[PDB]
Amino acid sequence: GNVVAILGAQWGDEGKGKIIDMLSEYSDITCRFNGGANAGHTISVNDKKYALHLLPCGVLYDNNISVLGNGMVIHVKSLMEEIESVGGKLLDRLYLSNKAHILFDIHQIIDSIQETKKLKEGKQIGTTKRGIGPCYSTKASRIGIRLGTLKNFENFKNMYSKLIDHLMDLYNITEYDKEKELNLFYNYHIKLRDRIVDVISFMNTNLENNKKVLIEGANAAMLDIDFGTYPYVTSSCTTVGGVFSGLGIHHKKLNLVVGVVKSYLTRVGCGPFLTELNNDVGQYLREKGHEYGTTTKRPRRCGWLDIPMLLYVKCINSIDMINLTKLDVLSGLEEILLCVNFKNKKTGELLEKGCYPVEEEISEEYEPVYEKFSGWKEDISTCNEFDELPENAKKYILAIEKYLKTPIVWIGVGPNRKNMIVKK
């Protein structure tokens, strides 16, 4: 338990920021390794909420060290804002990978241009419009500018101009205020240059010094560029392989993987959602659990828990233990449905376990098979122990553990750091 990875097993917003903040009480380093500001991780202490998009969620601890890995696409403008918002001496314990890619405002513009075009074609992805996809695209084309370059403003200014001019031409972006963004980056250069370091060595050194590292996942498994519901996914690797490729440490350094699983499902953006509840039950889940995008404020689509999805994710990420979150939101429902299988509406055959119809046109052929679970009316946000929970909640929890053959260690019963039940 010296090197722990927290990975969402669904379509994000499973409660990653919450467990990171909680576990950061006993961790030395907390790292982000993929995506960028599309991520929205909410921390809540005594009901005072804090939302992070680029900095890891261990920032509330004066001693915690924040690390942004090489696998990220960083909107430096947003980064600076979060840094100053945290304040204190955060900079003295901030380590920004000199290999991470810089996400400029033009990346966001292209993101919107692409989405606008697709909207007219009726195939928009519903991205967060934070320019994530376009930044990973320039990374692939290898014209993206990485953080290390920002350490030398002279060289940076020159490279910056060429990338922007190239992109403006490529996407016909007629006007972009290069002078304004450039001057802003000078400020970024001044305040961040000494914090742009070799995270590879920093990680190896600290691991050798027996430091405890918390790896914060962004987005989630079903949004993985490769394994998610393509094209309705993010453009980075959000799965376990990404912990190594996005941070610069090898597989033997990872001690365990915590899968963050919400008691019910949500996804925000377009794409398939087999157990989607576009009715009053969905409204109940969204309102009681206030399911609105931490980043875009968009209303999240809600639905029932999906077991086949989790078996698929277990194959991909491996899951040592589960953090079952927002169980408290299900309080009040007379019945809870658990999707334990998918049946093909055309052939009548059941979907093979471990398989998942990620493709929109294949998903369409499946019908969910539900197991009925009696609900509970008690407010469980006050429960401190597993045994204190009403019986019907226990059965739900136990049923989940059984089907996934994975232990549920942390039960979430509220957005606050304290609202967590530990199942010894």
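The numbering used is simple: start at 1 and walk along the sequence shown.
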item: Stretch with the greater mean C-alpha B-factor as recorded in the entry, comparing 309 to 317 against 180 to 188; value: 180 to 188
item: Residue range whose averaged C-alpha B-factor is higher in the record, 21 to 29 or 8 to 16; value: 21 to 29
item: Out of 220, 243, 257, 86, residue topping the C-alpha B-factor column of the entry; value: 86
item: Residue selected from 70, 374, 38, 42 by maximal Cα B factor; value: 374
item: Residue 268, C-alpha B-factor rank within chain (lowest, middle or highest third); value: lowest
item: Chain-wide C-alpha B factor ranking for residue 108, given as lowest, middle or highest third; value: lowest
item: CA B-factor ranking of residue 152, expressed as a third of its chain; value: middle
item: CA B-factor placement of residue 171, once the chain's modelled residues are sorted into thirds; value: highest
item: Position of residue 349 among the chain's modelled residues by C-alpha B-factor, lowest, middle or highest third; value: highest
